[PDB]
Amino acid sequence: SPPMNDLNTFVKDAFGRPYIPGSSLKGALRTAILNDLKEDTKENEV
RNA sequence: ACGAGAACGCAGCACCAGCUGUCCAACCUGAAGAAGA
């Protein structure tokens, strides 16, 4: 009951195929492996 | 009316022949197009 004012399209490559882009799964895995601390983020060799 | 007069230290001759400004080296490292209530 709020109309279709805006539509956020899924990310696609040049040919129009949908695909999960880079760094998406990387962040989804960082949000798990980074369970210890918020400090070691960039220099973290993990 | 001078130990003097006359007399080019001159002629020909390529500073030239051979020789890679070359060898080794990732423009690389980390990053959720995402979240109120």
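What you see below is based on every heavy atom in this structure, not just the backbone, and it leaves out hydrogens, waters and symmetry mates. The chains referred to below are lettered A, B, ... by the order of the sequence lines, with proteins before strands, and numbering in each begins at 1.
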Going by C1'-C2'-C3'-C4' alone, is [N] a north or a south sugar?
| N | answer |
| --- | --- |
| B:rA25 | south |
| B:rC27 | south |
| B:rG12 | north |
| B:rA32 | south |
| B:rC16 | north |

**Study point:** Set of residues satisfying side-chain contact (heavy atoms from CB on, under 4.5 Å) with respect to A:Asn8, sequence neighbours excluded
**Key:**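 Expected list: none.
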In whole angstroms, how far is the [atom2] atom of [N] from the [atom1] atom of [X]?
| X | N | atom1 | atom2 | answer |
| --- | --- | --- | --- | --- |
| A:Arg30 | B:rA34 | CZ | P | 17 Å |
| A:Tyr19 | B:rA32 | OH | P | 16 Å |
| A:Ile20 | B:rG33 | CD1 | P | 12 Å |

Separation between OG1 (A:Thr41) and CD (A:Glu43), nearest 0.5 Å, reads 9.5 Å
Interatomic distance, CG@A:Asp40 vs NZ@A:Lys38, rounded to 0.5 Å, equals 12.5 Å
Report task. Inspect the surroundings of NZ in A:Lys26 and state if more than 12 heavy atoms from other residues, nucleotides or ligands are less than 6.0 Å away. Result -> no
Original post:
Where does B:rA26 land, syn or anti, once you apply the within-90°-of-0 test for syn?
Top reply: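 B:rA26: syn glycosidic orientation.
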Base orientation of B:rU22, chi within 90° of 0 counted as syn, else anti, reads anti
Q: Determine the interatomic distance between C1' on B:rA32 and the same-named atom on B:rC28; round to the nearest Å.
A: 22 Å
| message | If I pick the P atom on B:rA31 and the same atom on B:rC27, what distance separates them, to the nearest angstrom? | response | 22 Å
Practice prompt. Taking all heavy atoms of A:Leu34 and all of A:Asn44, pick out the closest pair and write down the distance.
Written response: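 Closest heavy-atom pair between A:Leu34 and A:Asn44: CD1-ND2, 4.0 Å.
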Can you name the nearest heavy-atom pair linking A:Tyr19 to A:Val11, along with the distance?
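Answer, listing the atom of A:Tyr19 first, then A:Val11: O-CG1, 3.2 Å.
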RNA chain B in dot-bracket form (Watson-Crick or G-U pairs under 3.5 Å, [ ] crossing, | inter-strand) is .....................................
* Quick one, which residues of residues 31-46 of chain A touch RNA chain B with a heavy atom under 4.0 Å? ->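 Going residue by residue through residues 31-46 of chain A, the ones with a heavy atom under 4.0 Å of RNA chain B turn out to be A:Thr31, A:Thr41, A:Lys42.
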Under a single-linkage definition using a 4.5 Å side-chain heavy-atom cutoff for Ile, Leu, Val, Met, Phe, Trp and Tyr, are A:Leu37 and A:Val46 assigned to the same hydrophobic cluster?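 No, it is not one cluster - the side chains of A:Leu37 and A:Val46 are not joined through contacts under 4.5 Å.
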For B:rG30 and its strand neighbour B:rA31, are the base ring centres under 5.5 angstrom apart and the ring planes under 30 degrees apart?
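Judged on centre distance and plane angle, the pair counts as stacked.
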